[PDB]
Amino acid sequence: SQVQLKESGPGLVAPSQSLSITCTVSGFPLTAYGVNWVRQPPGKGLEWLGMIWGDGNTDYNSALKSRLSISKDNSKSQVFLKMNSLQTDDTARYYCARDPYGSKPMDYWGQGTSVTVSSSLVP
């Protein structure tokens, strides 16, 4: 009954790589609501990446369109983000949010997932 959204991500990614985040939603159908991807660099503002409509149609940030890929699986209540050729400017907290399009803007947000693009990674 409770509307909630949860992101799963890599933590750490090396430059020139691809980032894959999964938003698992609960409490509403993915067929009737949109889901956005919004990132927020440390100490900086919110940047909209793209949206996936109930009908499965997608809209992307024109400045990032070439490197972005949003898809979903209604049955699994999952929305997916793929962002290619990562650079240090892509280091940000990545949120997914519900879009009650036609009635409200982004209402319910996930807690986000921190993604650090680093060339100083160690095991």
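The first residue of the sequence shown is number 1, and the count goes up from there.
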Open item on the list: Ranking the modelled residues of this chain by C-alpha B-factor as given in the entry, is residue 11 in the lowest, middle or highest third?
Closed with: lowest
Task: Third of the chain's Cα B-factor distribution that residue 27 belongs to, per the entry - done: middle
Open item on the list: Per the entry's values, where does residue 114 land by CA temperature factor relative to the rest of its chain, in the lowest, middle or highest third?
Closed with: middle
Open item on the list: Split into thirds by Cα B-factor across the chain's modelled residues, where does residue 56 land: lowest, middle or highest?
Closed with: middle
Open item on the list: Using only modelled residues of the chain, where does the Cα B factor of residue 86 rank: lowest third, middle third or highest third?
Closed with: highest
